[PDB]
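Reading through the structure tokens given below for one structure.
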2 protein chains.
Amino acid sequence: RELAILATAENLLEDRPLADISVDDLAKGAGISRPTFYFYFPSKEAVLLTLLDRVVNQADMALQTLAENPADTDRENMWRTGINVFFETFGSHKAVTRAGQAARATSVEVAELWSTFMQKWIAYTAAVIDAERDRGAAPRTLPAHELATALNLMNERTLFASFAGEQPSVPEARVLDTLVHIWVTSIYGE
Amino acid sequence: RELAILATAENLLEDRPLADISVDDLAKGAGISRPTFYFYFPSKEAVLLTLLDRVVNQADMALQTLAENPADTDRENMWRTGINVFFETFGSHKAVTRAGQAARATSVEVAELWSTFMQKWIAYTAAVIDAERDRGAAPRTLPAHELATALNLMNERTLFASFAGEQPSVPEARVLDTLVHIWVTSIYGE
Ligand SMILES: CC(C)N1CCC2(CC1)CC(=O)c1cc(-c3ccc(C(=O)NCc4ccccc4)cc3)ccc1O2
Ligand SMILES: CC(C)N1CCC2(CC1)CC(=O)c1cc(-c3ccc(C(=O)NCc4ccccc4)cc3)ccc1O2
């Protein structure tokens, strides 16, 4: 029933925003009463928070698997494989991504959830850039953590604008090549 | 009196969000009645739209002046000078920038205003990258317009996160050097 509320909410977010979705709409869809819904979730906001949490953790766990299982290819394809975890994971959950992003303005818990994982992904990127510099593969240019921060923020804004079909945006079919180019040139360039 | 409403609103946005500012608060501050306020502006939303419009046009006009008056320095400093128009202009109007950005979620007019200028600044960046490639200064890598789009979206997200003191963010004293590095390496790198 928890899963049916989550699936119903993800389905309804494809067609319209959270503002335009009611607890009644969510309960109706999961085959339960308004009061039974409130046993599982304090609000329609708490339902989005859970969905965004699953997407963010799915992305995180897939990046952990990648880190532990290095791909055997040139650095450019190694980087593409990694940026692709975020392209595929968030790109398979566009509605939750769109509404998760809006909800950062209004929800302290969503803002904190996003803040914690971005800190984690930036720190991993900084550690990878430092390891590439120690092994002599990348030159010592910007502070690694400041470079990693800007490249992660770029990816957040650029992936999400592509997913939303925003004007302006990189066409979704071109966004992965675009971000890999900028990571590789900015990390390895003198 | 229009100017006094605008100045009052900019002042009040330093201390709290638009949601927490009333028409009465804006009228009080400009030394006028609620009804006299509504002669000048249909809403507190229309007041933000005007303020964001002044900032965006101040940025645009400063970039036009730069384009017409090339700085006489190496390419790296030419690019820094340009990114600095956005750093200084939006950085001198942090509260309007912060609330202008939030208001994109809720205001079609703010979303369209932002969309028009980003299209204009991306097109200028694409034309500059193409001119650098025609003169043999930059290699033909990514489509210029897709590169320009990603670099402009990076700058929007990275400048605004710095201004807001977001976690995570590039410290404001480091953000200009960070974006110039990534523009120069991604535009001139092979
Ligand atoms: C060549 C060798 C030295 N590398 C190859 C790559 C790897 C191991 C060592 C393995 C990997 O996969 C990898 C991945 C990231 C990464 C990618 C993208 C984001 C990213 O886009 N985050 C912003 C974001 C968040 C949420 C929504 C949208 C955007 C973050 C980190 C960094 C470093 C890596 O090292
Ligand atoms: C070396 C020679 C070939 N160039 C030198 C630079 C120049 C002439 C030719 C002159 C210039 O000043 C210049 C500036 C931009 C520019 C910079 C930043 C943004 C930018 O950050 N926009 C996103 C944004 C919007 C609003 C808030 C925050 C961020 C856009 C365009 C591009 C191209 C230029 O050509």
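Residue numbers start at 1 in each chain; chains themselves are named A, B, ... in the order of the structure tokens; ligands are numbered from 1 in the order shown.
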Which residues of chain A are close to chain B, meaning at most 10 Å apart when you count only C-alpha atoms, and how do they look as a PDB file with C-alpha atoms, in the first residue's frame?
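See out-v7.pdb below for the written result:
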ATOM      1  CA  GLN A 101      13.763  20.369  -7.684  1.00  0.00           C
ATOM      2  CA  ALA A 102      10.774  22.781  -7.330  1.00  0.00           C
ATOM      3  CA  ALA A 103      10.123  21.417  -3.757  1.00  0.00           C
ATOM      4  CA  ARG A 104      13.683  22.598  -2.676  1.00  0.00           C
ATOM      5  CA  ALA A 105      12.318  26.204  -2.546  1.00  0.00           C
ATOM      6  CA  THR A 106       9.510  25.233  -0.062  1.00  0.00           C
ATOM      7  CA  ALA A 111      16.752  21.073   0.389  1.00  0.00           C
ATOM      8  CA  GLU A 112      18.787  19.218   3.094  1.00  0.00           C
ATOM      9  CA  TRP A 114      19.708  17.418  -1.976  1.00  0.00           C
ATOM     10  CA  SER A 115      22.466  19.319  -0.078  1.00  0.00           C
ATOM     11  CA  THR A 116      23.811  16.107   1.631  1.00  0.00           C
ATOM     12  CA  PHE A 117      24.105  14.069  -1.615  1.00  0.00           C
ATOM     13  CA  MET A 118      25.594  16.990  -3.663  1.00  0.00           C
ATOM     14  CA  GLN A 119      28.227  17.378  -0.884  1.00  0.00           C
ATOM     15  CA  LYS A 120      28.931  13.601  -1.140  1.00  0.00           C
ATOM     16  CA  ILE A 122      31.374  16.766  -5.055  1.00  0.00           C
ATOM     17  CA  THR A 141      45.150  24.017 -11.756  1.00  0.00           C
ATOM     18  CA  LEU A 142      42.042  24.994  -9.704  1.00  0.00           C
ATOM     19  CA  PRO A 143      41.545  23.716  -6.172  1.00  0.00           C
ATOM     20  CA  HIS A 145      37.000  20.824  -4.553  1.00  0.00           C
ATOM     21  CA  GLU A 146      36.103  24.191  -6.178  1.00  0.00           C
ATOM     22  CA  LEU A 147      36.401  22.626  -9.700  1.00  0.00           C
ATOM     23  CA  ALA A 148      34.330  19.585  -8.567  1.00  0.00           C
ATOM     24  CA  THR A 149      31.657  21.957  -7.068  1.00  0.00           C
ATOM     25  CA  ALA A 150      31.226  23.964 -10.347  1.00  0.00           C
ATOM     26  CA  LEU A 151      31.189  20.774 -12.558  1.00  0.00           C
ATOM     27  CA  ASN A 152      28.552  19.147 -10.251  1.00  0.00           C
ATOM     28  CA  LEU A 153      26.370  22.331 -10.253  1.00  0.00           C
ATOM     29  CA  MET A 154      26.671  22.574 -14.079  1.00  0.00           C
ATOM     30  CA  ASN A 155      25.509  18.910 -14.349  1.00  0.00           C
ATOM     31  CA  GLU A 156      22.518  19.493 -11.990  1.00  0.00           C
ATOM     32  CA  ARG A 157      21.341  22.623 -13.925  1.00  0.00           C
ATOM     33  CA  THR A 158      22.149  21.277 -17.443  1.00  0.00           C
ATOM     34  CA  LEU A 159      20.697  17.718 -16.948  1.00  0.00           C
ATOM     35  CA  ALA A 161      16.966  21.809 -18.009  1.00  0.00           C
ATOM     36  CA  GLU A 166      13.517  24.156 -20.878  1.00  0.00           C
ATOM     37  CA  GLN A 167      14.380  27.085 -23.157  1.00  0.00           C
ATOM     38  CA  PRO A 168      17.244  27.313 -23.172  1.00  0.00           C
ATOM     39  CA  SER A 169      18.642  23.709 -22.803  1.00  0.00           C
ATOM     40  CA  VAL A 170      20.965  21.146 -24.441  1.00  0.00           C
ATOM     41  CA  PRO A 171      18.841  18.619 -26.376  1.00  0.00           C
ATOM     42  CA  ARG A 174      23.343  15.806 -26.882  1.00  0.00           C
ATOM     43  CA  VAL A 175      23.666  16.591 -23.087  1.00  0.00           C
ATOM     44  CA  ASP A 177      28.577  14.383 -24.801  1.00  0.00           C
ATOM     45  CA  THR A 178      28.413  18.120 -23.813  1.00  0.00           C
ATOM     46  CA  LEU A 179      29.064  17.564 -20.028  1.00  0.00           C
ATOM     47  CA  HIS A 181      33.614  17.379 -22.989  1.00  0.00           C
ATOM     48  CA  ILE A 182      33.591  20.117 -20.293  1.00  0.00           C
ATOM     49  CA  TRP A 183      34.631  17.706 -17.424  1.00  0.00           C
ATOM     50  CA  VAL A 184      37.524  16.225 -19.444  1.00  0.00           C
ATOM     51  CA  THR A 185      38.852  19.580 -20.814  1.00  0.00           C
ATOM     52  CA  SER A 186      38.490  21.388 -17.427  1.00  0.00           C
ATOM     53  CA  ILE A 187      40.034  18.505 -15.382  1.00  0.00           C
ATOM     54  CA  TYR A 188      42.935  17.626 -17.808  1.00  0.00           C
ATOM     55  CA  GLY A 189      43.547  21.036 -19.512  1.00  0.00           C
ATOM     56  CA  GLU A 190      46.570  23.258 -18.690  1.00  0.00           C
TER      57      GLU A 190
END
If you run DSSP on the backbone, which residues of region 116-153 of chain B are alpha helix (DSSP H), as a tab-separated table (two decimals) with C-alpha atoms, in the first residue's frame?
chain	number	residue	atom	x	y	z
B	116	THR	CA	14.71	35.53	-23.32
B	117	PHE	CA	17.97	36.93	-21.87
B	118	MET	CA	19.60	33.46	-21.38
B	119	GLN	CA	18.79	32.75	-25.08
B	120	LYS	CA	20.43	36.12	-26.00
B	121	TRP	CA	23.60	35.52	-23.85
B	122	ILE	CA	23.98	31.89	-25.10
B	123	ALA	CA	23.65	33.12	-28.75
B	124	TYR	CA	26.33	35.83	-28.18
B	125	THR	CA	28.62	33.11	-26.56
B	126	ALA	CA	27.97	30.70	-29.48
B	127	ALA	CA	28.77	33.50	-32.05
B	128	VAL	CA	31.99	34.38	-30.11
B	129	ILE	CA	33.05	30.65	-29.95
B	130	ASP	CA	32.34	30.32	-33.75
B	131	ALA	CA	34.41	33.52	-34.51
B	132	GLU	CA	37.29	32.11	-32.41
B	133	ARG	CA	37.09	28.83	-34.45
B	134	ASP	CA	36.92	30.67	-37.86
B	144	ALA	CA	29.28	25.95	-30.27
B	145	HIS	CA	25.61	26.55	-29.24
B	146	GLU	CA	25.45	23.37	-27.09
B	147	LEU	CA	28.81	24.29	-25.40
B	148	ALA	CA	27.60	27.91	-24.89
B	149	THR	CA	24.28	26.60	-23.38
B	150	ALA	CA	26.06	24.35	-20.77
B	151	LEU	CA	28.65	27.09	-19.84
B	152	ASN	CA	25.82	29.68	-19.41
B	153	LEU	CA	23.72	27.26	-17.26
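Neighbours of residue 6 (chain B) closer than or equal to 9 Å, with only C-alpha atoms counted and sequence neighbours fewer than 2 positions away skipped, come out as residues 1, 2, 3, 4, 8, 9, 10, 11, 26, 30, 47, 48, 50 and 51 of chain B.
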Item to check | For residue 91 (chain A): contacts at 12 Å, only C-alpha atoms, fewer than 2 positions along chain excluded, given as a list in words | outcome: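 Listed by chain and then number, they are residues 55, 56, 59, 83, 84, 85, 86, 87, 88, 89, 93, 94, 95, 96, 97, 98, 156, 159, 160, 161, 162, 163, 164, 165, 172, 173, 175 and 176 of chain A.
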Keeping N, CA, C and O atoms, export the residues of the selection given above as a compact mmCIF listing (two decimals), in the first residue's frame.
# COMPACT_ATOMS: atom_id res chain seq x y z
N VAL A 55 15.25 8.04 -5.53
CA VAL A 55 15.96 8.34 -6.81
C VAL A 55 17.42 8.66 -6.45
O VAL A 55 18.33 8.02 -7.00
N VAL A 56 17.60 9.57 -5.49
CA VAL A 56 18.92 10.05 -5.03
C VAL A 56 19.76 8.87 -4.54
O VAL A 56 20.96 8.82 -4.85
N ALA A 59 20.75 6.65 -7.47
CA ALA A 59 21.91 7.29 -8.14
C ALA A 59 23.17 7.01 -7.32
O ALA A 59 24.19 6.56 -7.88
N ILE A 83 29.08 10.08 -15.49
CA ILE A 83 28.07 11.16 -15.66
C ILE A 83 26.76 10.48 -16.08
O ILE A 83 25.67 11.00 -15.67
N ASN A 84 26.86 9.31 -16.74
CA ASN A 84 25.69 8.56 -17.29
C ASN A 84 24.83 7.98 -16.16
O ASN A 84 23.62 7.85 -16.35
N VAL A 85 25.41 7.71 -14.99
CA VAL A 85 24.65 7.24 -13.79
C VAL A 85 23.56 8.28 -13.46
O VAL A 85 22.41 7.88 -13.17
N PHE A 86 23.92 9.57 -13.52
CA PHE A 86 23.03 10.71 -13.19
C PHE A 86 22.06 10.93 -14.36
O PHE A 86 20.86 11.10 -14.08
N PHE A 87 22.54 10.87 -15.61
CA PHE A 87 21.71 11.03 -16.83
C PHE A 87 20.62 9.96 -16.82
O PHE A 87 19.43 10.28 -16.97
N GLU A 88 21.00 8.70 -16.60
CA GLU A 88 20.04 7.57 -16.69
C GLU A 88 19.12 7.56 -15.47
O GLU A 88 17.92 7.32 -15.66
N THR A 89 19.66 7.76 -14.27
CA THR A 89 18.86 7.58 -13.04
C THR A 89 17.80 8.67 -12.95
O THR A 89 16.63 8.34 -12.69
N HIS A 93 13.31 9.15 -14.12
CA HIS A 93 12.44 9.64 -13.03
C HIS A 93 12.32 11.15 -13.19
O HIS A 93 12.58 11.88 -12.21
N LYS A 94 11.96 11.58 -14.40
CA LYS A 94 11.88 13.01 -14.80
C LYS A 94 10.89 13.76 -13.91
O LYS A 94 11.22 14.88 -13.46
N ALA A 95 9.71 13.19 -13.66
CA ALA A 95 8.62 13.88 -12.94
C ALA A 95 9.06 14.10 -11.49
O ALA A 95 8.88 15.21 -10.96
N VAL A 96 9.62 13.06 -10.87
CA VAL A 96 10.12 13.15 -9.47
C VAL A 96 11.27 14.16 -9.43
O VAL A 96 11.27 15.01 -8.54
N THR A 97 12.15 14.14 -10.44
CA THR A 97 13.29 15.09 -10.56
C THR A 97 12.72 16.51 -10.64
O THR A 97 13.13 17.33 -9.83
N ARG A 98 11.81 16.77 -11.57
CA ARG A 98 11.21 18.11 -11.79
C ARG A 98 10.60 18.61 -10.47
O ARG A 98 10.97 19.72 -10.05
N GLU A 156 23.87 19.31 -12.57
CA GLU A 156 22.52 19.49 -11.99
C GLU A 156 21.69 20.41 -12.90
O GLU A 156 20.67 19.97 -13.40
N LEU A 159 21.55 18.94 -16.85
CA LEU A 159 20.70 17.72 -16.95
C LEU A 159 19.24 18.09 -16.73
O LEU A 159 18.42 17.76 -17.61
N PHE A 160 18.91 18.81 -15.66
CA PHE A 160 17.49 19.10 -15.32
C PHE A 160 16.85 19.98 -16.40
O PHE A 160 15.66 19.80 -16.69
N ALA A 161 17.58 20.92 -17.00
CA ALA A 161 16.97 21.81 -18.01
C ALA A 161 16.66 20.97 -19.26
O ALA A 161 15.58 21.17 -19.86
N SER A 162 17.55 20.06 -19.63
CA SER A 162 17.35 19.09 -20.73
C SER A 162 16.12 18.22 -20.45
O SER A 162 15.29 18.07 -21.35
N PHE A 163 16.01 17.63 -19.26
CA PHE A 163 14.89 16.72 -18.91
C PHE A 163 13.58 17.48 -19.06
O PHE A 163 12.68 16.91 -19.69
N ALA A 164 13.52 18.73 -18.61
CA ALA A 164 12.31 19.59 -18.60
C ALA A 164 11.97 20.15 -19.99
O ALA A 164 10.91 20.76 -20.11
N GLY A 165 12.83 19.95 -20.99
CA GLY A 165 12.72 20.65 -22.29
C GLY A 165 12.76 22.17 -22.14
O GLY A 165 12.16 22.87 -22.98
N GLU A 172 18.44 16.63 -25.02
CA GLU A 172 18.71 15.47 -24.13
C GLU A 172 19.64 14.46 -24.82
O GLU A 172 20.53 13.89 -24.14
N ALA A 173 19.47 14.27 -26.13
CA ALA A 173 20.31 13.37 -26.96
C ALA A 173 21.74 13.91 -27.11
O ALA A 173 22.62 13.14 -27.53
N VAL A 175 23.24 16.03 -24.41
CA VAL A 175 23.67 16.59 -23.09
C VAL A 175 24.82 15.76 -22.51
O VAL A 175 25.76 16.34 -21.96
N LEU A 176 24.82 14.45 -22.69
CA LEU A 176 25.89 13.62 -22.10
C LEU A 176 27.25 13.98 -22.73
O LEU A 176 28.20 14.27 -21.96
Checklist entry - What does the distance from atom 26 (C, counted along the ligand's line) of ligand 2 to CA of residue 74 (chain B) come to in Å, to one decimal? => result 23.7 Å
Checklist outcome for this item: Taken to one decimal, the CA of residue 82 (chain B)-atom 15 (C, counted along the ligand's line) of ligand 2 distance is 5.0 Å
Item to check | Option closest in space to ligand 1, from A:72, A:113, A:7, A:67 [counting only C-alpha atoms and all ligand atoms] | outcome: A:67
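Checking B:73, B:81, B:36, B:58 one by one against ligand 2, counting only C-alpha atoms and all ligand atoms, you find the shortest gap at B:81.
Counting only C-alpha atoms and comparing A:65, A:99, A:54, A:75, the residue that lies closest to residue 138 (chain A) is A:75.
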